[PDB]
Amino acid sequence: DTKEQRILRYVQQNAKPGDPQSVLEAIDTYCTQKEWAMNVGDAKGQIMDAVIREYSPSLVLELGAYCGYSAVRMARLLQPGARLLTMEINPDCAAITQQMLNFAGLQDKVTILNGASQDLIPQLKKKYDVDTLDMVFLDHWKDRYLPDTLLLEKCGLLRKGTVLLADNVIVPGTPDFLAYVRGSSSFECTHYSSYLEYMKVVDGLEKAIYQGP
Ligand SMILES: CCCNc1ncnc2c1ncn2[C@@H]1O[C@H](/C=C/CNC(=O)c2cc(-c3ccc(F)cc3)cc(O)c2O)[C@H](C)[C@H]1O
Ligand SMILES: [Cl-]
Ligand SMILES: [Cl-]
Ligand SMILES: [Mg+2]
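Residues numbered from 1 in each chain as written, not as in the entry; some residues may be left out. Chains lettered and ligands numbered in written order. Heavy atoms only, no water.

Regarding how it was determined, this PDB entry cites X-ray crystallography in its header, along with a resolution of 1.50 Å.

Draft legend 1. The arrangement of the environment of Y195 in detail. Within the fold, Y195 resides in strand β6 (residues 187-195). Ignoring sequence-local partners within four residues, the contact set of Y195 consists of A43, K44, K200, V201, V202 and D203. (Helix = DSSP H or I, 4+ residues; strand = E, 2+ residues; numbered from the N terminus. Contact = heavy atoms within 4.5 Å.)

Draft legend 2. Expanded view of the coordination of the magnesium ion (ligand 4). Note on the magnesium ion (ligand 4): its protein donors are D139 (OD), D167 (OD) and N168 (OD1). The metal-donor distances range over 2.0 to 2.1 Å. For the magnesium ion (ligand 4), the single-chain donor residues occur in sequence as D-x27-D-N. Of the two residues, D167 and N168, neither departs from the other in class, the shared state being buried. (Donors = N, O, S within 2.8 Å, 3.2 Å for Na, K, Ca; no water. Buried < 20%, exposed > 50% of the residue type's maximum accessible area, 1.4 Å probe, protein only.)

Draft legend 3. Structural view of the layout of surface pockets. Of the pockets and cavities examined, the largest pocket occupies roughly 550 Å³. If you trace the largest pocket, you find 25 residues lining it, with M38, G64, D139, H140 and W141 closest to the centre. Of all the secondary structure elements, the ones that give two or more residues to the lining of the largest pocket are α6 (117-120) and α9 (169-173). Along the lines of polarity and charge, the residues of the lining of the largest pocket split into 13 nonpolar, seven polar and five charged. (1 Å grid on protein atoms, 1.4 Å probe; cavity = no way out; pocket = protein on both sides within 12 Å on 5 of 7 lines; lining within 4 Å. Points joined across faces, edges and corners; volume = space filled by probe spheres on them. Nonpolar A, V, L, I, M, F, W, Y, C, P; charged D, E, K, R; others polar.)

Draft legend 4. Spotlight on the site of ligand 1. Taken together, 23 residues lie near ligand 1, and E88, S117, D139, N168 and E197 sit nearest. Here an oxygen atom of ligand 1 sits 2.8 Å away from a polar atom, N or O, in the side chain of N168. Given that more than half its atoms are within 2 Å of the pocket grid, ligand 1 belongs to the largest pocket. Put simply, the parts of the chain that give the shell around ligand 1 at least two residues each are α6 and α9. Looking at the shell around ligand 1 residue by residue, the class counts come to 10 nonpolar, seven polar and six charged. (Near = heavy atom within 4 Å. Polar contact = N/O pair within 3.5 Å; in protein donor to acceptor, adjacent residues only side chain to side chain. Sits in = over half its atoms within 2 Å of the grid points.)

Draft legend 5. Representation of the packing of helix α2 (residues 20-33) against helix α5 (residues 91-104). Their axes nearest at 8 Å, the elements α2 and α5 cross at an angle of 130 degrees. It follows that α2 is oblique to α5 by the angle criterion. Between α2 and α5, the residues in contact are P20, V23 and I27 and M100, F103 and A104, respectively. Counted by class, the contact of α2 with α5 contains six nonpolar, no polar and no charged residues. (Axes fitted to C-alpha atoms, helices over the stretch in contact; angles between N-to-C directions. Parallel < 35°, antiparallel > 145°, perpendicular 65-115°, else oblique.)

Draft legend 6. Expanded view of the side chain of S70. Mapped onto the elements of the fold, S70 is located in helix α4 (residues 69-75). Leaving out residues up to four positions away in the same chain, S70 has contacts with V40, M48, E62 and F137.

Draft legend 7. Structural view of helix α10 (residues 175-183). Those residues of α10 not exposed but buried are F177, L178 and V181. Projected onto a plane normal to the axis of α10, the buried residues spread over an arc of 95 degrees and lie on a single side. Those residues of α10 that are exposed and angled more than 90 degrees off the buried face are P175, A179 and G183. (Arc of directions from axis to C-beta.)

Draft legend 8. Representation of the sheet that holds strand β7 (residues 202-210) within the structure. One open sheet accounts for seven strands, arranged β3-β2-β1-β4-β5-β7-β6; its pairing is mixed. Only two strands of the sheet have a single partner each, and these edge strands are β3 (110-113) and β6. Averaged over neighbouring strand pairs, the angle between their axes works out to 15 degrees when direction is ignored. Relative to strand β4 (residues 133-138), strand β1 (residues 59-63) runs parallel, the two being bridged by four bridges. Bridging across to β4, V60 finds its partner in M135. Its contacts with the sheet place helix α3 (residues 41-55) against β4, β5 (158-166), β6 and β7, and it is angled at close to 145 degrees to β6. (Pairing = 2+ DSSP bridges.)

Draft legend 9. Fine view of empty space enclosed by the protein. Evaluation of the coordinates by the stated rule reveals one cavity of 30 Å³ or more. The computed volume of the largest cavity comes to approximately 50 Å³. Around the largest cavity sit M38, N39, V40, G64, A65, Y66, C67, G68, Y69, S70 and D139, which together line it. Taken together, the residues of the lining of the largest cavity break down into six nonpolar, four polar and one charged.

Here's what the structure looks like:
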């Protein structure tokens, strides 16, 4: 029996179905009082919320769902008709994420795809009828942020103005991605200093807006 399952169970035992805020609060409580987990957390989550509200994206892609905390956070702020696609390679996590979103009442706004980003990304246009993405949240293995950003561009999924938002650019860090976007004339970057989830350790988010080829 796993930490991720215990988080889901705590949410089901404690939170209110159909109430996304209650779900986020239950997770944050569990992870503060019982067992730490790598959810984006409330400190960085508040920055995410502010970014999402500012840009009002119609189509968001998330890479790495884990237990669905960030999916709940984002989906709850989407305008009617806007959608989130989230990719999660681990089948157990994909199931936890789906159940988390079901419990929150957000399942109508989110599609959880169980597979590898590098396999699914090239299918988005043909199989999922995507044109371009308005926002991308990166929170999967940190060494895959750069390879997947480059793949998104190759597949024609980025447009002028697409907002990339990357977790953990300080800890654990994503040094190739961060150096790449900050050095590239095709991205305009902003750093949001914050704290590692549930810890008094500095971390941050990077926002990188695609400028076109
Ligand atoms: C190759 C397949 C790629 N394609 C993929 N396609 C689809 N899904 C993918 C792909 N690659 C991975 N995933 C999924 O994303 C998730 C993985 C997320 C990884 N996140 C961290 O490692 C982290 C660590 C810390 C941390 C900080 C301080 C510490 F002391 C300890 C830990 C903090 C944080 O906020 C962190 O997000 C999920 C578990 C995993 O199955
Ligand atoms: Cl998360
Ligand atoms: Cl936090
Ligand atoms: Mg993270």
